[PDB]
Amino acid sequence: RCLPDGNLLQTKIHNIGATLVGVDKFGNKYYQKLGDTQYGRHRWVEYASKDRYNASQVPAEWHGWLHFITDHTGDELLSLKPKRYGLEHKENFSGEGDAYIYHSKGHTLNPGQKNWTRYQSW
Amino acid sequence: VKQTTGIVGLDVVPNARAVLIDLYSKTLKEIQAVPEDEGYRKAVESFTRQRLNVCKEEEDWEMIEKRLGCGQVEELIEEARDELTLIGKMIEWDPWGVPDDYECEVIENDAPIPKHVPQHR
Amino acid sequence: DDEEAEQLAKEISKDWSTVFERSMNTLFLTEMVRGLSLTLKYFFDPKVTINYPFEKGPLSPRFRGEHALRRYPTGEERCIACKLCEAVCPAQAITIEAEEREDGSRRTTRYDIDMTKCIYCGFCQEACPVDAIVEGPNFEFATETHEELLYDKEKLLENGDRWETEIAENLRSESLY
Amino acid sequence: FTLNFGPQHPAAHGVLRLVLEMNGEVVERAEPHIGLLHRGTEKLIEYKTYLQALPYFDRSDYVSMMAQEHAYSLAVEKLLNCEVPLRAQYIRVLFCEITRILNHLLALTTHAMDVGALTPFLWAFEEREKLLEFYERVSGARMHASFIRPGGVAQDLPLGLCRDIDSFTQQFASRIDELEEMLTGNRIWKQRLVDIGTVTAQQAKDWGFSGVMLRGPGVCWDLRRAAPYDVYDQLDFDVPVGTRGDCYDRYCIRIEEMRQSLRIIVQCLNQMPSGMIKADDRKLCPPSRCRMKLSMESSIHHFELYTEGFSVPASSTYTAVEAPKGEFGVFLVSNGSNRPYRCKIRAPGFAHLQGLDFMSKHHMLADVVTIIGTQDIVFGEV
Amino acid sequence: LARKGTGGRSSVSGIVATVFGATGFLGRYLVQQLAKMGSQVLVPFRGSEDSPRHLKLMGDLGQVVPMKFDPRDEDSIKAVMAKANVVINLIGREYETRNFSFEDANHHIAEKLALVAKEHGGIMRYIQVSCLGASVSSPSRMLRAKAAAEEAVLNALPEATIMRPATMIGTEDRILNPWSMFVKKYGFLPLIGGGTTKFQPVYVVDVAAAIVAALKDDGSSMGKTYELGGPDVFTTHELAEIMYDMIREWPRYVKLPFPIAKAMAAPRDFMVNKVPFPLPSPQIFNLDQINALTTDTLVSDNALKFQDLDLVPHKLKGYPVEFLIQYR
Amino acid sequence: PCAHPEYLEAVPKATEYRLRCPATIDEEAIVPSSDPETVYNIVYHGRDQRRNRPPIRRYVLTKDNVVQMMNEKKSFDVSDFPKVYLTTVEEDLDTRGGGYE
Amino acid sequence: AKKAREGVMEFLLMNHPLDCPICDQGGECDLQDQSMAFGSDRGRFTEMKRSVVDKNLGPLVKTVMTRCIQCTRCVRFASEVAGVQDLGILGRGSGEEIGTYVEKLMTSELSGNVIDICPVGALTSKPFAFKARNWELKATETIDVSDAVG
Amino acid sequence: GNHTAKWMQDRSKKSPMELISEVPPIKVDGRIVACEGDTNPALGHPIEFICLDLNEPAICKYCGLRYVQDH
Amino acid sequence: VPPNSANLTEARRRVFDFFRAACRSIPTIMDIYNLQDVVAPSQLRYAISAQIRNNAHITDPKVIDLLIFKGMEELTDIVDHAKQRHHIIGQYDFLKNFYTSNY
Amino acid sequence: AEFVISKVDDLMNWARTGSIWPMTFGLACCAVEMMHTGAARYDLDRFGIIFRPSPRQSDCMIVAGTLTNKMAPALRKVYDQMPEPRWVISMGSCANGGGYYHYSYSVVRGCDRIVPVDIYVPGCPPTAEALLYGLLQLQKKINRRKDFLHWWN
Amino acid sequence: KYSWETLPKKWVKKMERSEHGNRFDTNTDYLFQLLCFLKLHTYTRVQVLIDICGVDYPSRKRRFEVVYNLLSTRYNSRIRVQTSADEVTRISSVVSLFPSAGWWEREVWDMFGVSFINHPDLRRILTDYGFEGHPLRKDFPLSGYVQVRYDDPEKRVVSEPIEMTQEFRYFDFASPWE
Amino acid sequence: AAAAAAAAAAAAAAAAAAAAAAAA
Ligand SMILES: NC(=O)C1=CN([C@@H]2O[C@H](COP(=O)(O)OP(=O)(O)OC[C@H]3O[C@@H](n4cnc5c(N)ncnc54)[C@H](OP(=O)(O)O)[C@@H]3O)[C@@H](O)[C@H]2O)C=CC1
Ligand code: SF4
Ligand code: SF4
Ligand code: SF4
Ligand code: SF4
Ligand code: SF4
Ligand SMILES: [Zn+2]
């Protein structure tokens with residue numbers, strides 16, 4: 001706890017009756033409080049980064065279960081993530097310095113700014 | 001006896017039959033100024049005669065509506081007065097008679113229409 | 001006429017113990033105390049709200065969010081460069097340039113969806129023959145700068161490999177439609 | 001005395017830029033300024049195929065999305081002669097009517113938030129966030145569900161959508177009652193709305209209102225009873241028609257039209273035939289993913305329908321449905337090619353917002369936002 | 001340069017500039033010229049990321065790439081000038097700040113950018129911007145520093161253009177906007193030295209148009225210290241006469257002898273002393289700006305003027321001063 | 001004392017609603033594409049709708065034709081007139097079905 | 001007539017592979033534009049289509065003979081107009097394969113026009129391997145200056 | 001590769017060309033294969049029938065998978 | 001306004017009418033947009049006349065009607081504060097091209 | 001030491017990130033989605049965001065919908081009268097970049113042509129949560145300000 | 001159809017259709033006179049101008065085609081009177097009959113350029129204030145001529161310079177064999 | 001000002017459907 005400075009207190013006021021369904025690699029604890037009441041508020045995630053958290057830290061294995069699109073906890077879709085090309089999540093580093101943010105291939109901030117001139121000069 | 005036309009603005013007229021007779025007599029008298037061999041004059045004459053007849057025969061506005069099945073006598077008066085306007089307008093900028101050439105192209109297509117589209121009922 | 005309409009609409013409610021009913025329902029504001037009572041019932045009822053970052057709104061496997069170029073289970077980008085999505089795109093966001101790679105099988109040298117110039121209508125997901133381009137349920141990719149929001153040629157749309165675990169699920173559940 | 005009455009509350013009436021020529025507090029004329037939301041829709045559609053043209057329609061009226069896709073689809077089936085199944089018609093109405101509810105839930109309580117009642121807005125928007133759980137579930141996008149395609153409808157309902165729409169319809173009479181108990185009885189409401197923007201029927205006809213502003217005045221005219229364009233000729237529902245024309249009748253209609261739309265939703269649910277979802281004519285309806293991959297002749301059509309298009313034959317029709325705003329009609333001239341040709345979009349709010357000039361004459365300046373309320377003026381269509 | 005376009009705002013001009021002083025009053029016009037004639041601009045900012053936000057527009061999707069850099073730390077200046085062929089230098093201060101002294105902000109930086117551009121062989125044109133009359137033995141330590149900056153940018157890097165703009169007028173300037181908001185001391189304008197100063201202001205748009213014109217020019221304008229003077233050689237009092245024409249106010253000047261001013265600006269000159277508090281940027285009374293105000297050397301001599309850039313400056317009446325209307 | 005006649009008891013908070021989350025395929029839908037009679041009988045020109053239409057017959061009327069038609073139209077007897085779309089209003093509170101649809 | 005056309009366009013699309021997305025001539029295809037205009041909207045063939053290896057016809061004509069419908073247009077063009085007589089309709093039945101029986105690059109010039117002759121993607125420009133599509137290409141009715149035939 | 005050096009600047013994750021050139025060719029029985037896609041004929045590419053008359057493996061154009069006759 | 005231009009004479013008459021209108025309206029133009037100091041009335045009259053003369057070779061009457069209508073539109077949107085002012089101040093050989101582009 | 005400066009920046013940023021009232025230029029549907037992001041389910045009054053109806057007192061400006069070439073001067077005039085610690089959020093494809101109407105003559109190719117933008121909510125009809133996450137990214141942009149440390153240079 | 005018998009033959013001058021909604025392609029001179037008919041007439045009562053659709057056929061000689069839609073709330077029918085007026089032909093305005101025609105004709109003139117006779121307040125409704133050019137024509141390019149607008153040193157002002165953008169990619173989907 | 005004031009009196013609420021309740 002010790003955060004009376006966030007809405008994280010609203011999540012920690014949840015979890016009082018909720019059951020913990022799995023926890024992904026990053027530490028985000030995925031909770032479920034069904035049966036009681038208030039559909040739409042019976043699946044959430046405790047981000048395990050009580051500060052500096054934001055959305056999109058929820059990996060794709062769980063981002064289904066947590067938006068109610070599926071009923072497969074990330075401990076069940078982890079047997080379906082492709083091993084050959086599977087890639088870990090990236091938290092959406094939007095703005096947090098260059099080389100973390102994404103860059104196109106001509107942005108002059110991207111190492112290896114490609115030239116698009118279709119004609120090959122002499 | 002009519003309480004009100006559901007339509008807003010079309011105020012209920014108590015003397016519906018009388019003003020209808022007046023308007024249809026005015027229409028029959030004013031339509032004489034258009035050439036006889038024009039579809040407009042045949043139409044005006046025919047339906048004005050039918051409505052003037054049914055208005056003279058029946059007495060109540062309700063019976064006028066019931067026999068002359070054209071909605072409500074207030075809307076009927078609106079139609080008759082608008083028709084008088086049109087006949088007094090048609091006298092001016094007289095469009096009667098077909099000109100010499102008169103190239104009219106009946107592009108009468110007949111595409112089958114699916115009927116789950118609106119059209120009308 | 002409005003004068004007579006008023007006279008009659010006030011001669012409709014003109015019998016004692018009806019004038020009294022209307023007077024005690026316009027003096028002891030009674031229509032309004034049924035407003036306050038309902039408002040109170042809702043002041044005490046549970047709240048339909050969602051503390052967002054921790055729990056998010058319900059979606060569906062058909063939900064159209066961040067576009068992701070899928071891959072075949074054995075690597076090999078699924079995107080053969082037919083350009084059907086570049087054609088079907090209403091906003092013309094996708095710019096595809098194709099080159100026979102050295103292996104010999106066609107592939108897109110440039111597959112750049114411009115997310116800002118993109119309407120998220122899912123036409124690309126429908127038009128693509130092999131399900132190469134699909135919309136990942138991400139929808140959380142607000143970018144500090146516009147240039148990042150233009151998704152590069154097959155490199156950032158290739159981040160769908162992370163979302164494949166959810167995209168493959170949504171496709172396995174939607175393909176029945 | 002000229003006053004540049006702009007958007008009082010932004011995010012509700014976005015680009016409203018009236019220029020009121022007032023007289024103290026009495027408005028003498030209201031001159032709306034259009035074009036602040038004039039995206040090139042009636043030009044951009046001439047440049048794209050009949051499929052690419054459909055997403056513009058959900059973006060024409062932003063509070064009642066699928067009604068315009070349904071008005072466009074019925075204008076590229078009027079030409080195509082593309083007979084759609086019974087299930088496509090029933091889904092198409094169950095969503096045109098869910099859209100009527102999604103619009104009246106907004107255009108009532110956004111109006112009721114401009115008048116001042118703050119809570120009906122948020123209750124109706126919880127209801128709308130329940131109905132967008134249906135839009136978003138059946139197509140994908142919560143608002144712009146490019147779902148009612150020309151032939152039939154994009155793709156079948158999920159296997160749990162009618163149960164959820166039922167579990168919503170059971171609890172939706174109560175929400176309308178609350179929106180009604182909170183606003184209909186109030187003396188602060190009636191006072192703010194009775195005899196406001198009264199439109200005699202001759203005026204609502206003259207100015208081509210043709211919506212909930214043509215049934216306020218008492219003109220019984222609903223293009224679902226006049227020109228039944230779907231199962232509407234099978235579905236039972238009563239069109240509420242006002243008797244005075246004041247902004248309190250149009251509210252009472254929009255709050256009854258939100259119940260008859262509930263009747264139509266419950267009917268479409270209780271009688272939804274298990275048939276094909278799109279027209280069997282695979283040269284107007286792209287074949288399913290399963291078929292185009294397995295069948296070579298389906299793959300060719302999936303290629304020439306997602307690149308070339310229909311190429312609907314040469315004609316010109318005005319298909320008008322009863323969108324929630326009013327008679328939303330799309331006059332679609334069609335050169336033989338696969339791209340439309342001057343897909344003109346008659347959108348109510350272009351004819352209604354004309355009415356603001358005479359509706360809000362001699363009304364007080366604070367009424368000019370109530371008029372804009374009951375006209376359901378959404379500037380995407382204007 | 002390698003220009004492939006028609007006008008700008010999507011064209012290319014082969015000028016991937018790094019306008020070192022872009023997040024500044026001169027910088028916003030120069031960046032807009034360079035990125036409206038369609039050329040990349042690598043605007044380097046010093047602190048708050050809100051500084052170059054007004055420059056993310058006026059350039060089309062990466063034509064203006066604001067970058068972070070520390071003025072005293074190299075290996076970051078080299079990173080800002082990594083992909084660049086033009087390097088303009090607008091880094092200058094009129095007031096000493098407790099952290100960066102006059103030399104460490106006017107001379108010891110321009111020399112540093114000059115050296116780290118020399119090392120990064122490929123900077124075709126390096127423009128160096130310093131005030132007019134910034135010659136050694138000028139009273140204002142700002143002009144002595146700005147003269148040493150010219151001498152060190154030419155030595156350490158020859159064929160490097162040097163604009164010499166005189167006090168530049170325009171919106172958000174440091175010459176007229178302090179006088180207004182001091183006319184808001186009830187029309188009280190304290191023209192110092194009695195308005196005997198003779199200085200030639202110039203519409204900042206035209207200083208920018210000259211800074212870009214030495215880029216679009218040929219091999220010439222290299223190592224040639226221009227003097228972007230402007231028209232209508234004015235006097236401080238006379239220039240103030242034109243402000244009161246725009247801002248509707250009645251001329252109510254006063255004269256201040258130079259000792260009185262230098263005593264009134266004796267505070268805010270303990271900048272190096274008052275360590276635990278930064279002073280609020282002396283706007284009108286600046287002991288160094290006053291030392292410059294004393295001698296009217298701010299006049300264009302026979303050195304290169306706008307005429308040697310096919311360019312003629314705008315006047316100082318009408319639009320090029322119509323930013324004062326916002327004070328009426 | 002309010003809008004609660006044992007009917008608001010249908011309350012908005014559902015708590016058991018979308019019990020089967022959408023992407024969970026408990027039942028695999030089928031969504032028929034084509035009618036069974038049109039699977040192994042793919043003759044199209046009979047089923048065609050785009051192109052299976054009568055061609056546009058645009059024939060010109062000259063003055064002779066229209067004066068002939070005007071003389072042929074002897075009289076506008078009833079049933080040569082467009083029928084009115086008759087619609088009257090009628091007050092009804094909840095009688096359709098009893099308020100239950 | 002229409003039933004005969006639909007019949008034949010079903011046979012052509014019967015053993016034809018679903019290569020339209022990966023076919024270089026996907027947009028500019030006689031088979032696609034005749035199926036989408038005169039051929040039936042559906043195909044009843046649900047069996048094992050025949051497939052054909054890709055012959056090496058040089059660094060100009062990329063060959064995918066599985067797509068080729070064996071209409072014989074190219075084997076006539078090389079015999080008559082190009083006049084080199086290298087292409088052939090080897091075999092009979094569905095096993096018909098168009099191309100040189102021995103690996104033989106089409107040494108004839110004027111034999112790159114077989115791609116425009118070809119009503120199907122099968123024979124396509126290998127230089128224009130996949131680089132573009134029939135709809136992206138903005139066309140100008142220019143002339144040529146390589147040889148003086150203009 | 002060089003084509004893959006135009007869109008991928010990572011150069012640390014294996015290039016898709018190698019990811020498909022390192023999967024072994026699939027033995028089969030007849031002279032024609034299906035390669036409907038991954039496994040599910042509705043989640044793979046349009047079915048592409050490949051000929052295995054040649055001795056070398058015949059790649060599937062859409063998926064890169066390789067098939068050999070296995071006589 | 002109905003196109004009474006059944007001849008170039010009526011069209012020219014209403015051209016002079018529009019010219020008199022614009023000239024007699026120049027006061028408000030100079031006032032609302034503050035050009036009474038940058039531009040002289042002679043110069044604004046010069047510009048209006050150079051406009052009406054730049055398009056003087058129009059042997060078509062209806063085209064002149066439409067030109068006068070566009071001009072009245074421009075004026076009415078300049079008189080009122082519909083358009084801004086920084087354009088009104090702006091509204092008021094081969095080798096040197098070759099060196100710049102190829103077009 | 002510098003720690004006091006670090007904490008005073010943390011405090012200023014906590015203020016400007018807790019109460020960030022945007023002038024919601026709600027043009028078009030993304031204003032209807034923004035109204036859903038202001039509605040009961042995704043509260044914006046929870047995160048402090050109070051939709052101001054006037055540009056005068058507002059920390060942000062969530063331009064949504066198609067910025068028309070005619071509503072460009074009005075948007076610029078509104079942006080010029082926000083108090084300096086202001087930010088702009090582009091919501092929807094039409095507002096952030098050219099969008100469905102990139103090639104429309106009357107539509108500016110993204111508000112990035114009129115106002116300088118700080119967070120572009122992506123997705124043409126962004127999910128109400130997506131606009132909410134865009135605002136939770138604007139909150140990050142505040143938490144990376146440290147204006148006091150820069151005032152001390 | 002009853003409407004064609006009564007209507008003066010000269011008024012339905014050029015054309016007449018009989019499906020997809022019936023139309024009376026009339027002449028521009030007899031238009032408002034034809035719109036006076038079909039309204040204020042007992043057996044043809046439209047009263048409701050639904051729409052005024054400018055349509056531009058560049059290959060015609062009378063380029064535009066001002067398609068007046070008309071609903072008849074009384075008889076439940078819809079008639080589409082049309083016209084044909086090129087770029088410099090002022091066409092009669094029917095704002096006097098159906099006052100809804102005001103804004104529709106402002107839009108027809110704005111988009112196309114078909115000025116309307118005796119139409120009070122005929123002023124560009126949709127396009128920008130200083131807009132020159134008529135968008136919904138055919139020869140008007142999609143991206144517009146000078147219609148980019150960006151901020152600049154002319155502060156608080158968005159200029160209107162010549163336009164430059166990612167080139168709109170026109171796809172030639174149209175296939176032979178129609 | 002002689003402008004017509006909004007008189008908040010009217011006829012009592014009576015839901016007015018169309019005549020097609022039972023048999024069209
Ligand atoms: N203003 C005038 O009237 C005149 C000015 N000039 C010269 O023009 C140039 C630009 O003028 P103007 O923009 O108005 O000047 P400013 O004082 O407004 O500063 C402009 C730029 O200089 C940068 N800068 C200044 N000192 C430093 C430093 N120590 N470290 C890092 N960056 C620094 C500023 O960064 P930041 O914004 O972060 O502080 C800003 O980017 C200067 O050389 C100036 O002396 C010429 C004639 C007179
Ligand atoms: S959803 Fe796909 S097809 Fe549609 S605009 Fe976006 S990228 Fe293009
Ligand atoms: S994403 Fe789909 S449509 Fe686009 S090139 Fe790849 S396979 Fe073709
Ligand atoms: S030739 Fe190519 S594009 Fe045409 S039908 Fe055959 S595979 Fe498809
Ligand atoms: S021209 Fe093409 S399709 Fe015809 S036989 Fe030759 S290879 Fe086959
Ligand atoms: S970007 Fe899409 S959702 Fe947003 S306003 Fe534009 S059309 Fe609507
Ligand atoms: Zn394969």
# chains A, B, ... in the order shown; residues from 1 in each chain; ligands from 1
>>> interface_residues(of="chain H", to="chain D", cutoff="7 Å", atoms="only C-alpha atoms", output="list in words")
residues 42, 45, 46 and 47 of chain H
>>> select_by_dssp(residues="chain C", states="helix (DSSP H, G or I)", output="MDAnalysis selection string")
chainID C and resid 2:11 19:23 30:44 52:54 84:88 123:127 146:149 157:174
>>> residues_near_ligand(ligand="ligand 7", cutoff="8 Å", atoms="only C-alpha atoms and all ligand atoms", output="PyMOL selection string")
chain H and resi 34-38+44-45+47-48+60-65
>>> write_last_selection(atoms="C-alpha atoms", output="short mmCIF file (atom, residue, chain, number, x, y, z; two decimals), in the first residue's frame")
data_model
loop_
_atom_site.label_atom_id
_atom_site.label_comp_id
_atom_site.auth_asym_id
_atom_site.auth_seq_id
_atom_site.Cartn_x
_atom_site.Cartn_y
_atom_site.Cartn_z
CA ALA H 34 -1.76 -28.54 -50.24
CA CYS H 35 0.07 -26.20 -47.83
CA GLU H 36 -3.24 -24.67 -46.80
CA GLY H 37 -1.36 -22.52 -44.29
CA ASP H 38 -0.26 -23.20 -40.74
CA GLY H 44 -3.59 -19.91 -43.58
CA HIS H 45 -3.10 -18.62 -47.13
CA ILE H 47 -4.52 -23.30 -50.69
CA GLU H 48 -1.55 -23.51 -53.06
CA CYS H 60 5.20 -22.70 -51.49
CA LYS H 61 5.22 -19.09 -52.81
CA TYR H 62 2.89 -17.70 -50.07
CA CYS H 63 4.42 -19.44 -47.00
CA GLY H 64 7.99 -20.30 -47.98
CA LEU H 65 7.51 -23.87 -46.77
#
>>> interface_residues(of="chain C", to="chain D", cutoff="9 Å", atoms="only C-alpha atoms", output="ChimeraX atom specification")
/C:26,29,31-32,34-36,38-39,48,58-65,84-91,119-123,126-127,129-131,174-177
>>> write_last_selection(atoms="N, CA and C atoms", output="CSV table (one decimal), in the first residue's frame")
chain,number,residue,atom,x,y,z
C,26,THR,N,-47.9,21.9,-7.4
C,26,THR,CA,-47.0,23.0,-8.0
C,26,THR,C,-46.6,23.9,-6.9
C,29,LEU,N,-43.4,21.6,-4.3
C,29,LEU,CA,-42.8,21.1,-5.6
C,29,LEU,C,-42.9,19.6,-5.5
C,31,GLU,N,-43.4,17.4,-8.4
C,31,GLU,CA,-42.8,16.8,-9.6
C,31,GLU,C,-41.3,16.7,-9.3
C,32,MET,N,-40.8,17.8,-8.7
C,32,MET,CA,-39.4,17.9,-8.4
C,32,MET,C,-38.9,17.0,-7.3
C,34,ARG,N,-39.8,14.1,-7.0
C,34,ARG,CA,-39.6,12.8,-7.5
C,34,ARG,C,-38.3,12.8,-8.3
C,35,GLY,N,-37.8,13.9,-8.7
C,35,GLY,CA,-36.5,14.0,-9.3
C,35,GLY,C,-35.4,13.9,-8.3
C,36,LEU,N,-35.6,14.6,-7.1
C,36,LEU,CA,-34.6,14.4,-6.1
C,36,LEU,C,-34.5,13.0,-5.5
C,38,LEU,N,-35.2,10.1,-7.1
C,38,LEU,CA,-34.5,9.3,-8.0
C,38,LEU,C,-33.0,9.6,-8.0
C,39,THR,N,-32.6,10.9,-8.0
C,39,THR,CA,-31.2,11.3,-7.9
C,39,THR,C,-30.6,10.7,-6.7
C,48,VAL,N,-21.2,2.9,-11.8
C,48,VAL,CA,-20.7,2.2,-13.1
C,48,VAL,C,-19.5,3.1,-13.5
C,58,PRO,N,-14.7,-3.5,-21.6
C,58,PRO,CA,-14.9,-4.8,-22.4
C,58,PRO,C,-14.7,-4.6,-23.8
C,59,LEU,N,-14.1,-5.5,-24.5
C,59,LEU,CA,-13.9,-5.5,-26.0
C,59,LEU,C,-14.4,-6.8,-26.6
C,60,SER,N,-14.1,-7.0,-27.8
C,60,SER,CA,-14.4,-8.2,-28.5
C,60,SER,C,-13.3,-8.6,-29.5
C,61,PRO,N,-13.2,-9.9,-29.8
C,61,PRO,CA,-12.1,-10.3,-30.7
C,61,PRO,C,-12.2,-9.6,-32.1
C,62,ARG,N,-13.3,-9.0,-32.4
C,62,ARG,CA,-13.4,-8.3,-33.7
C,62,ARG,C,-13.0,-6.8,-33.5
C,63,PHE,N,-12.5,-6.5,-32.3
C,63,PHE,CA,-12.2,-5.1,-32.0
C,63,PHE,C,-11.0,-4.6,-32.9
C,64,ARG,N,-11.2,-3.4,-33.5
C,64,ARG,CA,-10.1,-3.0,-34.4
C,64,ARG,C,-9.3,-1.9,-33.7
C,65,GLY,N,-8.0,-2.3,-33.4
C,65,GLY,CA,-7.1,-1.3,-32.7
C,65,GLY,C,-5.8,-1.2,-33.5
C,84,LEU,N,-3.6,-5.7,-52.0
C,84,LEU,CA,-5.1,-5.6,-51.8
C,84,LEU,C,-5.5,-4.7,-50.7
C,85,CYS,N,-4.8,-4.7,-49.6
C,85,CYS,CA,-5.1,-3.7,-48.5
C,85,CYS,C,-4.7,-2.3,-48.9
C,86,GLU,N,-3.6,-2.2,-49.6
C,86,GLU,CA,-3.2,-0.8,-50.1
C,86,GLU,C,-4.3,-0.4,-51.0
C,87,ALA,N,-4.9,-1.3,-51.8
C,87,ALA,CA,-6.1,-0.9,-52.7
C,87,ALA,C,-7.3,-0.7,-51.9
C,88,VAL,N,-7.7,-1.6,-51.0
C,88,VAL,CA,-9.0,-1.4,-50.2
C,88,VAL,C,-8.9,-0.3,-49.3
C,89,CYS,N,-7.7,0.2,-48.9
C,89,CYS,CA,-7.7,1.2,-47.8
C,89,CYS,C,-8.5,2.4,-48.2
C,90,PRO,N,-9.5,2.8,-47.5
C,90,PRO,CA,-10.3,4.0,-47.8
C,90,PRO,C,-9.4,5.3,-47.6
C,91,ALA,N,-8.6,5.4,-46.6
C,91,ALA,CA,-7.7,6.6,-46.4
C,91,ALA,C,-6.4,6.5,-47.1
C,119,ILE,N,-8.2,5.0,-40.9
C,119,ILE,CA,-9.6,5.1,-40.2
C,119,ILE,C,-9.9,3.9,-39.3
C,120,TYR,N,-9.0,2.9,-39.2
C,120,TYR,CA,-9.3,1.7,-38.3
C,120,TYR,C,-10.6,1.0,-38.6
C,121,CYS,N,-10.9,0.9,-39.9
C,121,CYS,CA,-12.2,0.2,-40.3
C,121,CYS,C,-12.0,-1.3,-40.5
C,122,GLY,N,-10.8,-1.8,-40.5
C,122,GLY,CA,-10.6,-3.3,-40.6
C,122,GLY,C,-10.8,-3.8,-42.0
C,123,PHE,N,-10.8,-2.9,-43.0
C,123,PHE,CA,-10.9,-3.3,-44.4
C,123,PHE,C,-9.6,-4.1,-44.8
C,126,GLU,N,-9.9,-7.6,-43.7
C,126,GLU,CA,-10.8,-8.4,-44.6
C,126,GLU,C,-10.1,-8.6,-45.9
C,127,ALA,N,-9.6,-7.6,-46.5
C,127,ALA,CA,-9.0,-7.7,-47.9
C,127,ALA,C,-7.8,-8.6,-47.9
C,129,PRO,N,-5.6,-11.5,-48.2
C,129,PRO,CA,-5.9,-12.9,-48.5
C,129,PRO,C,-5.4,-13.9,-47.4
C,130,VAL,N,-4.2,-13.7,-46.9
C,130,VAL,CA,-3.6,-14.7,-45.9
C,130,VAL,C,-3.7,-14.2,-44.5
C,131,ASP,N,-4.5,-13.2,-44.2
C,131,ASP,CA,-4.6,-12.6,-42.8
C,131,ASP,C,-3.3,-12.0,-42.4
C,174,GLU,N,-12.7,-15.7,-34.3
C,174,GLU,CA,-13.5,-15.0,-35.2
C,174,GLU,C,-13.6,-15.7,-36.6
C,175,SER,N,-12.6,-16.5,-36.9
C,175,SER,CA,-12.6,-17.2,-38.2
C,175,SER,C,-13.9,-17.9,-38.5
C,176,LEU,N,-14.6,-18.3,-37.4
C,176,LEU,CA,-15.9,-18.9,-37.6
C,176,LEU,C,-16.9,-18.0,-38.3
C,177,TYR,N,-16.6,-16.7,-38.4
C,177,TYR,CA,-17.4,-15.7,-39.1
C,177,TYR,C,-16.7,-15.2,-40.3
>>> residues_around(residues="range 229-246 of chain E", least_positions_apart="6", cutoff="6 Å", atoms="only C-alpha atoms", output="JSON, numbers by chain")
{"E": [165, 166, 195, 197, 198, 199, 200, 202, 300, 313, 324, 325]}
>>> residues_near_ligand(ligand="ligand 5", cutoff="10 Å", atoms="only C-alpha atoms and all ligand atoms", output="count of residues only")
36
>>> atom_distance(atom1="CA of residue 13 in chain L", atom2="CA of residue 24 in chain C")
19.1 Å
>>> interface_residues(of="chain F", to="chain B", cutoff="6 Å", atoms="only C-alpha atoms", output="ChimeraX atom specification")
/F:53,56-63,75-76,86
>>> residues_near_ligand(ligand="ligand 4", cutoff="7 Å", atoms="only C-alpha atoms and all ligand atoms", output="list in words")
residues 300 of chain D; 16, 17, 18, 19, 20, 21, 23, 24, 25, 26, 27, 29, 30, 31, 32, 67, 120, 121 and 122 of chain G
